[PDB]
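> Just need the structure, nothing else, for what follows:
(11 chains, ligands or ions: 11)
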Amino acid sequence: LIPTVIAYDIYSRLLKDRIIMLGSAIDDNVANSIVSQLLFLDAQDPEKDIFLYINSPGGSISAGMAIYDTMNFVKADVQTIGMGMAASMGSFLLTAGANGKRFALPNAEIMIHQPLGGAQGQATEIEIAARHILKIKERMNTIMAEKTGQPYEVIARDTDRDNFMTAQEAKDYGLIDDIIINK
Amino acid sequence: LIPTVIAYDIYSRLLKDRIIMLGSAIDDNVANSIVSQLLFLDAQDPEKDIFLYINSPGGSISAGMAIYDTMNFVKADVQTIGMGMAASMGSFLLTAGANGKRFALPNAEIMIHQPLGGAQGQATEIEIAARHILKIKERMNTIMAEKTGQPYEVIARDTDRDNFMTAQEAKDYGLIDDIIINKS
Amino acid sequence: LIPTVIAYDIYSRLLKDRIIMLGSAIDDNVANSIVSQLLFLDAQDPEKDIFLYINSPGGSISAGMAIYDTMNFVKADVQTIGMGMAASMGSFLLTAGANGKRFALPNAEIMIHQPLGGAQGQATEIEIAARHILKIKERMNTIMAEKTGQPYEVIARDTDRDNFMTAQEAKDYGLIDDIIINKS
Amino acid sequence: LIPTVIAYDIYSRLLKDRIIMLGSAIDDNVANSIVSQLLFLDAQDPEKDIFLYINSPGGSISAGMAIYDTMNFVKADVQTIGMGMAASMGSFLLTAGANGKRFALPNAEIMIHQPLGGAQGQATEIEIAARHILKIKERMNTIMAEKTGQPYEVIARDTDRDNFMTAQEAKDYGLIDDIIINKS
Amino acid sequence: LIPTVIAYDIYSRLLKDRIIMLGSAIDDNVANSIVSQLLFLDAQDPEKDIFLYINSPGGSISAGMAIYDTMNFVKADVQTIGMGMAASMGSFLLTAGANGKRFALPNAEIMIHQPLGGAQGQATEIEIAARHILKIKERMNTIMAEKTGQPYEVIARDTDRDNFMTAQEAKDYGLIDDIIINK
Amino acid sequence: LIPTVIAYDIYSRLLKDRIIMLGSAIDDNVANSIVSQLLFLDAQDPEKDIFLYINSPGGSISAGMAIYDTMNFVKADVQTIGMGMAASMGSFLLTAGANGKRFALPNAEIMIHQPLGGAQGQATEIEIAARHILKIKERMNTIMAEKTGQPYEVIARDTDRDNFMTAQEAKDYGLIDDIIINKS
Amino acid sequence: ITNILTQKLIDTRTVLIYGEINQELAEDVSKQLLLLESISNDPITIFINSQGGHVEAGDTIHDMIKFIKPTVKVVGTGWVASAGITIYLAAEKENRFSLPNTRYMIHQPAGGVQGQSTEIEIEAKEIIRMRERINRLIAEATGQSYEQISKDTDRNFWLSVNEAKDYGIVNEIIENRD
Amino acid sequence: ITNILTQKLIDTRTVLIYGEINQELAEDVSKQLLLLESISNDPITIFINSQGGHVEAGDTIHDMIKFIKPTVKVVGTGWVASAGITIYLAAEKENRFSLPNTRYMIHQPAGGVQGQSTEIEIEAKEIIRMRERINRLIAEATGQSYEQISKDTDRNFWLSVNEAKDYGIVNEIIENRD
Amino acid sequence: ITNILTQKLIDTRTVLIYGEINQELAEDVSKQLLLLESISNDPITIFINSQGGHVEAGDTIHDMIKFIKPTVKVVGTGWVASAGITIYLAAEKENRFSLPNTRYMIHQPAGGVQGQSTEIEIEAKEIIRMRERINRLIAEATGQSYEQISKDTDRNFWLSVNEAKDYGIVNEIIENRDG
Amino acid sequence: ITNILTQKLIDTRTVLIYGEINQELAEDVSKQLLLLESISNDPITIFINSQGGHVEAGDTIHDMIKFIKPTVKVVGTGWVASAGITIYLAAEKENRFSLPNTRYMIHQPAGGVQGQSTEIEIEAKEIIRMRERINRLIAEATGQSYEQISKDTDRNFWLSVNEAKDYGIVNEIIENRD
Amino acid sequence: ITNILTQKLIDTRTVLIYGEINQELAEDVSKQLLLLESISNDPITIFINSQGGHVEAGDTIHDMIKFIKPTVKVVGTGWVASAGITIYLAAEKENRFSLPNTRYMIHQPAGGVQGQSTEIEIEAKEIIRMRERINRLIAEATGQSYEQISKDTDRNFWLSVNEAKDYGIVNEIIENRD
Ligand code: NA
Ligand code: NA
Ligand code: NA
Ligand code: NA
Ligand code: NA
Ligand code: NA
Ligand code: NA
Ligand code: NA
Ligand code: NA
Ligand code: NA
Ligand code: NA
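Numbering: from 1, shown residues only, chains lettered A, B, ... in the order given. Ligands and ions are numbered 1, 2, ... in the order given. Please find the structure below.
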């Protein structure tokens, strides 16, 4: 279903109220759409808050990083609301929302994560790839430590393998600020 | 064949009367559409009821959970009408409608269910996945126990395997409030 | 190759005259479209008859059941016209039309049928599936017995395997009320 | 290469002059489009002739039979013009045009045919399928005998295998009334 | 990528000047489009010439035959212009243009051809198919003999295998009336 | 999920503010779009700066070279902003922005690279391909040496294998002029 | 020492029919039966574990069992179904044994046709005849009437080892060589 | 010298059942058992490493083990599951051994049906019967009651080597030939 | 002359375990070991080059090595990993040799499940038990404590030939037959 | 007469290593080497035509060549690359021959990893170690320094038969048996 | 009687090289040549029908032909192309025969590379060297100059049996054993 309403389509109509829906795996395409929407909304009114709904299993780290940097770039506060599932890059983006304005709905699943990747070719190429992803892991952990208030070692320990959390546990963890129930 | 009657396509026209059709397997895409429709309808008029028709075999638990949380989030009462088949997440969403406003058509099939999933990798990864889905099962059972009025143990027992129900059986079980037979 | 005519496409134009074309296999998608069209037409004018053309090999039983329940739900009389082929769920829907308003064109094929399905997994799961489809078979036979005027045992006997009928045979059986040849 | 011309596309523009293009294999989809077009044109003006251009290798017998019955159903005379290839159900539809108003262009190929089908399963199922297609063959031959003026045995003999004809041969045979060369 | 110019697309715009582009393999779909365009243009103004550009490797004989019969059916003269490649049914259609109004651009390739087909099944079915395609071959040769001015035997001899021609050779042969270079 | 807001789509709306989004692998298609956008924006107002956002893993060298030459061709200054990932041809294009107007967001990854290719056929054909790609490598290194201020040998050394950089490292290297963190 | 070894295999006078019945399997069995027949006229034991398969291959094995001089004894094991039953029923009733964990199944034959009515019609007549031939063969070997077999093989007719005995398929259920 | 070599293999009176249980494997085992039986009445040792597979193939091997004269001893190794258990349980309790690193699993049988209700219903009755037959077989060989086995095989019932001993599947856990 | 030839192969009392550990390979090894045992009680040498594979197949080979009377000596070559290690560790410590160019790897077992929670839960309990059984087996043969092995097998634990010696996997690194 | 024939093959004391180096090939070579060793202590000739393949399989063949008592002579033919070189370099320098039309190639090892950083990191450390082990092995057998080999194997290092001689890989280029 | 039969095959001293040249075929030929050499020093006849294939496999067969003591005679039949020519040209000119219906083809070697410039460049240098090595080999055996061969192998250079004779590839065209 891609229903329309008056010839505005439904996501376009929600965008007019400064709501961005991130509801799929994050790749370069999705990233570009989200980035453009953030850039557009800030150009229109830098004073009003933006609402970024996140229901994503994650995806490309660099793609999500484009969204992340754009969130911080725009003058407007980007509120983040986690619904359904916010995993990997999805939960990273969720934690990246403006201070005091990071929320999740009561039954949203949050999952945090060590970076995933691949390395192919000669030993030198594999080392280059390993060093690169290790660097990525370390700066991701650093940003997460900062946003949550957890010490670096705690983030590193807790993202070693898939770590699933309830909205309440995420709040406890400092990944979100509050749980939203009603309007 | 998706007809366009005056400019509106048929689902858009029904949405103007606050009717949302959930008529497919629930995934992230479908979830996002339903969520947006709920959010939009509540923004337009928080006082008027929303009508969510459900004909779904289920799908992603987290995707359905987005719809579920949005249903409770919006100020408007979300009425649920089960038609054809409401199974797994579909029947969960059906039971999640506003109190006294959960219905099914006379020949609608309802099916309740233990969560389905997968686990791959090393023993540690499999344990992580097992613990996760067990947690999911337990909170799903808890929410169902609450919505139906059945005790937790009864939900756990009755969802162990595929459990098919008539509309009448669903009503007796607490899943729905009443059966609609005619418009009046 | 769907031609437009005056911003309507051809099916939209026919819908404006309260004609719904069911011309494919019935699945959740098709069901949702037909249901929406029925719901829309009844909202517009509950007093005027709806015309449902059926040319379908059948499909999902639950999907067709959504259409079936909606046909009975709407206040308007749903006339059914069988053209080409009305098999399985298609012929079930054909027989479900308003009394005295079930027709077929002279060379339309009608076929009636025992339900088709599948069962996979452990013995318990297979039993659950078997019991479920048997229950479905029995209520389908019951509804058909009622609509045709045939006794239950006759429907059960005659749907054991694929049973092909001419429009005339369908009329004499009680599946349809009349054969339409020319315009009124 | 589907061009528009003025908000109509090219087939829509031709439909406004009561011309229907049947230019593909006949299946349920194509049938529904043709049927809708015939139904629409007759509703608009039952007095004016309809022009059905046929360039089809055939297809589903039941699908074509929907078109066939609709051609006879509508009050308007349906003229048939064969161009390129009219084979199987295509040539059947060509012969089904209004008396004196069945034409083919000079180099159009016409091919007549015994029904094609399939049968799978147990001996009983295969027999059911065989009896069904035999019945279909016999009523098709009967209708063709009637439209051409040939005796039944002649149609049965001449459709045993693929039978290709020139427009002239089709005219001698009684399949078509005449050949159109110019717009005179 | 079909460019537009003002709700008209580029082919629609050219159709308004009575130009039909046949620029692909000929099948039932293409045939129906061309036929509809010819029928439409003649209904609009039976007095003005139609321009059929042909750049086709050929295709279905019956499909092309629909176009052929429609070309002769319409009152308007159908001019044919061969560009790039006019092979098989393409060159047949090229030769089918109105007398004195069959052209090719200087470097257009023309190829003439015996019919191609297939036959499957029992001996009887194969014979039926063979007799049918032989009949097709003979009436195609007859129409070509007539349009070119060549005797039947010459067409039959020269189409036995793929026969490639320059625009100049096509003119000498009688397939086209003249070569266009400039406007 | 590409919103159409007022009709403009979101990228069209950003283009009206002279913003071009290069957010995919560079091939002939993407190149043609970017080139057209650059050509269009310069035709509209040669005095105002263009903003080229780059989030690309690279792609075809010749395709990117079309964009590169167009960037230098247009009178307007093309500002480049690297976000997410600018690798291979992506980072080449990033460095190709107007002097003092090459930026990256704080966490953007930049990667520089020796050209990738293939060679098939006889020894002569392989030599032709090898000589060609070597020539390409050498002129790419030359242009990079020029844009960064690094000596040729340094570029050649540092692009021998995948070389990943932070925005800060890209700045100290000369690939970008500064890092934008906030809108100030 | 492979002298006293394959001699031992051949001394058992035992043929194994395990798996899908096809022409390859029919060839193996035919060879073994013909080989054993030329050695002596002593009885031959056939162990059958078969879901069935190709009916004409089953016919060949059936007819070959009756064709050779030596008395053939059959022992059903695991399952014996369709074409498998035809083979099993080649042995005289006194010689039809079953191991305890065996189930039995008879049904009507199945197939497919594509083409013209005439072609379909021809193949239909043929499968009806085959259904009749097999039903009569079953009836004859089993003691049941043609119409009883005809009615029972309408759908898959599964029989436990004991029911197969009552039905006339199996004569004696054995657990040991005695 | 291949004289004293395959003679040595056959002198061990040892059969290996490793991998998926199917009709091919049932044929190999049947041949080997029949071969060993005709040589002498000395005991036969079977080493089983099997995840299971085709139940009717398992039934054949089970019944063949009981059918032949020689006493059969079984040694579970790696894992013994489903149809594998049925084979394992063919040996008398005193003769059921296990190597230390073995796990055991019993469960209800599985399958699939597609078609009409009637066809599905028929196959459902059949798999229920099979579930019952196997459960009774397990119960009988194991010492447990039918209802205990019936309850335990509801889902995959995994047993460590020691639990398999307590349960009555394994009799003696051995590490050495003694 | 094939008399004095395959006699020569069998006189070596040598079994090669090269490649993926599966049930087929377990059957070959079992046959060879049982064959060699019935010939004499002289020692048997096993050369292992294996990345591992099926754990239950590895268990069988492991248990069979201990089951037969003859003393079994193992020589690690190329690599010995996962189920391969289990096989290798069946031999008594004094009899565990390695060629110089060999690396060793222990890790926790892996697998997959699809279905209902109950089914997943059941299989999870099962793989946890398997992880524990193998870790104890490794600990016992190796001299390390259960918790040390448990901690080390968390991820892929690669060991060079010398580290495998220090760890208690390999006892003696050899280059020659001693000749 | 197959007596004097395969005796003749085994009298040559010749092993052929042609094609991709894998564990199967390692098993064949190991068997042949162990077989030849138990026959006598006379020298063994190995002809190598190999593009390489699995490094651990190459390691096994390398170590087995040194392990057995008989002196092993190697003859490079066609090409000897990667794991092939490791095998070739197992022989003492005096015993390393090449036929005239042979080329040689050494390079660093290759592989792939997918998963978490930790998993990638672990495998990276492992391939670095392998690169070092092989480079040292090459250096040692060849006479070159570790850093020279390390620098040269950065990319594919192709050597003609004469350059392979100069480099210390090949000792003597031969055309005839003498 | 298989005594006097395979003895007869080996008495012919005949090796057949039919089909694609690969490492497997190189192994077969090597074995046969080494086997025949240890039997006696009598001449060996090789019949070649080959479109070519793997150049390094061709190199091995070429070098092995020269390596063994017995004089090798080659008979070209059907076609001899690429790597096939290299093998053919291993024999001394006096010993290079052809059957009447044979054609011959020499061309430059072919291949593929994917990756970085450096990798492509390395492989390019390597195929240029290979082209040169093969061209010199052809020139030497054939009597033509290096630059003549170099010019002719630019594209596929097809030669009829008579032209192959004139060119110095074939020495004598024969129809009978004499
Ligand atoms: Na911000
Ligand atoms: Na609500
Ligand atoms: Na109604
Ligand atoms: Na009419
Ligand atoms: Na005309
Ligand atoms: Na510029
Ligand atoms: Na007999
Ligand atoms: Na016994
Ligand atoms: Na031992
Ligand atoms: Na040595
Ligand atoms: Na020589």
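> tell me the contacts of residue A:68?
A:92, A:93, A:96, F:107 (Cβ atoms under 8 Å, 6 or more residues apart in numbering or on different chains). In short, each C-beta sits where N, CA and C put it, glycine included.
> What are the contacting residues of stretch G:118-130?
With Cβ under 8 Å, 6+ apart as the test, stretch G:118-130 has contacts from D:114, D:117-119, D:123, D:126-127, D:129-131, D:133-134, D:160, G:55, G:109, G:111, G:113-114.
> try it again with 7 Å
D:114, D:117, D:119, D:123, D:126-127, D:129-130, D:133-134, G:55, G:109, G:111, G:113 (Cβ atoms under 7 Å, 6 or more residues apart in numbering or on different chains).
> Next, the buried residues of it.
Within stretch G:118-130, the residues scored as buried using 16 or more other Cβ atoms under 10 Å in any protein chain shown are G:119, G:120, G:121, G:123, G:124, G:127, G:128, G:130.
> I believe the last one is in a strand; please confirm or correct that.
Right, residue G:130. No - Residue G:130: not assigned to a strand; according to DSSP: H, G, I helix; E, B strand; the rest coil it is helix.
> which helices and strands sit right next to the longest helix seen in chain A?
In chain A, with assignment by DSSP state H, the single longest helix is helix A:123-148. Secondary-structure packing of helix A:123-148 (3 or more Cβ pairs under 7 Å, 6 or more residues apart in numbering or on different chains; DSSP states H and E): helix A:89-95, strand A:116-122, helix A:152-158, helix J:117-142.
> Now the ones you listed in JSON lines, please, with extra columns for distance to residue G:76.
Compiled in JSON lines, the helices and strands packed on helix A:123-148 are given as follows (distance: least, Cβ to Cβ, whole Å):
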{"stretch": "helix A:89-95", "distance to residue G:76": "60"}
{"stretch": "strand A:116-122", "distance to residue G:76": "56"}
{"stretch": "helix A:152-158", "distance to residue G:76": "62"}
{"stretch": "helix J:117-142", "distance to residue G:76": "54"}
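> if I look at the nearest residue to residue G:40 once chain neighbours are set aside, how far off is residue G:25?
Leaving aside its sequence neighbours, residue G:40 sits nearest to residue G:70 (Cβ to Cβ, 6 or more residues apart in numbering or on different chains; 7.4 Å). Residue G:70 is 20 Å from residue G:25, where distance means Cβ to Cβ, to the nearest Å.
> So if I had to pick from those two, which one is more boxed in?
A count of neighbours by other Cβ atoms under 10 Å in any protein chain shown puts residue G:25 above the other of residue G:70 and residue G:25, at 21 against 16.
> Just after the helix or strand that one falls within, pick out the following helix or strand.
Using DSSP states H and E, residue G:25 sits in helix G:23-39. Note on helix G:23-39: by DSSP H and E, the next helix or strand toward the C-terminus is strand G:44-50.
> Quick check: neighbours of that next one in the sheet, parallel or antiparallel?
Partner strands and pairing direction for strand G:44-50 (DSSP bridges) are strand G:14-18 (parallel), strand G:72-81 (parallel).
> any chance of these in TSV, with mean neighbour count too?
Below are the strands paired with strand G:44-50 laid out as TSV (neighbours: other Cβ atoms under 10 Å in any protein chain shown):
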stretch	mean neighbour count
strand G:14-18	22
strand G:72-81	26
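> What count of nearby residues applies to the closest residue to chain E within chain A?
Here chain A gets closest to chain E at one residue, residue A:7, 15.6 Å apart by Cβ to the nearest Cβ. Using other Cβ under 10 Å, residue A:7 is surrounded by 12 other residues.
> and it, what is it in contact with?
residue B:7.
> next one: residue A:116
Per Cβ under 7 Å, 6+ apart, neighbours of residue A:116: J:115, J:116.
> rerun at 8 Å
Residue A:116 neighbours (Cβ under 8 Å, 6+ apart): A:88, J:114, J:115, J:116.
> among these, which ones are buried?
Of these, these count as buried by 16+ other Cβ under 10 Å: A:88, J:115, J:116.
> From what I see, residue G:162 and residue G:173 are in contact.
Yes - Residue G:162 is within contact range of residue G:173, at 7.3 Å (criterion: Cβ atoms under 8 Å).
> neighbour count winner among the two?
residue G:173 (15 against 12).
> for the more buried one, which residues make a bridge with it?
Applying DSSP bridges to residue G:173, the residues it is bridged with are residue G:98.
> In a helix, residue A:34, correct?
Yes - according to three-state DSSP, the state of residue A:34 is that of a helix.
> Let me see the contact set for the spatially most central residue of chain A.
By Cα atoms, centre = their mean, chain A has its centre lying nearest to residue A:93, at 1.7 Å. By Cβ under 8 Å, 6+ apart, the residues touching residue A:93 are A:22, A:26, A:52, A:54, A:56, A:64, A:67, A:68, A:71, A:80, A:86.
> Quick check: next helix or strand after the helix or strand the third one falls within?
Which is residue A:52. Using DSSP H and E, residue A:52 falls within strand A:50-56. Under the assignment DSSP H and E, the closest C-terminal helix or strand after strand A:50-56 is helix A:61-73.
> what about that following helix, distance to the chain center?
8 Å (Cα atoms, centre = their mean, to the nearest Å).
> That one vs strand A:50-56, what angle?
160 degrees (axes from the mean of the first three to the mean of the last three Cα atoms, to 10 degrees).
> which non-adjacent residue is nearest residue 92?
With no chain named, the answer covers chain A. residue A:64 (6.3 Å).
> To clarify, I was referring to chain G.
Going by Cβ to Cβ, 6+ apart, residue G:92 has residue G:71 as its nearest residue, at 7.6 Å.
> Backbone dihedrals for the one you found, please?
Residue G:71 adopts backbone torsions of phi -70, psi 130, taken as degrees, to the nearest 10.
> Pull the number of nearby residues for it.
14.
> and residue G:173, how far is that from residue G:158?
In terms of Cβ to Cβ, residue G:173 sits 17 Å off from residue G:158.
> For chain G, what is the nearest residue in chain A?
Counting by Cβ to the nearest Cβ, chain A gets nearest chain G through residue A:1, at 39.5 Å.
> residues contacting that residue?
So residue A:1 contacts B:11, B:21, B:24, B:30, B:33, B:34, B:37 (Cβ under 8 Å, 6+ apart).
> Farthest-apart pair in those residues, please.
Farthest pair in the contacts of residue A:1 (Cβ to Cβ) is B:24 and B:37. Separation: 13.9 Å.
> just to revisit the earlier point, check whether the residue nearest to residue A:92 really touches residue A:87, as I assumed.
No - applying Cβ under 8 Å, one finds residue A:64 not in contact with residue A:87, separated by 11.5 Å.
> Check which helix or strand the closest residue to chain I within chain G maps to.
When distances are taken as Cβ to the nearest Cβ, chain G reaches nearest to chain I at residue G:1, 13.8 Å away. Using DSSP H and E, residue G:1 sits in no helix or strand.
> what about it, neighbour count?
So residue G:1, with other Cβ under 10 Å, has 11 neighbours.
> What residues does it make contact with?
H:3, H:6, H:7.
> What distance do you get for it to chain C?
Distance, residue G:1 to chain C, using Cβ to the nearest Cβ, to the nearest Å: 49 Å.
> for residue G:88, same thing?
In terms of Cβ to the nearest Cβ, residue G:88 sits 27 Å off from chain C.
> Any idea how many residues pack against that residue?
29.
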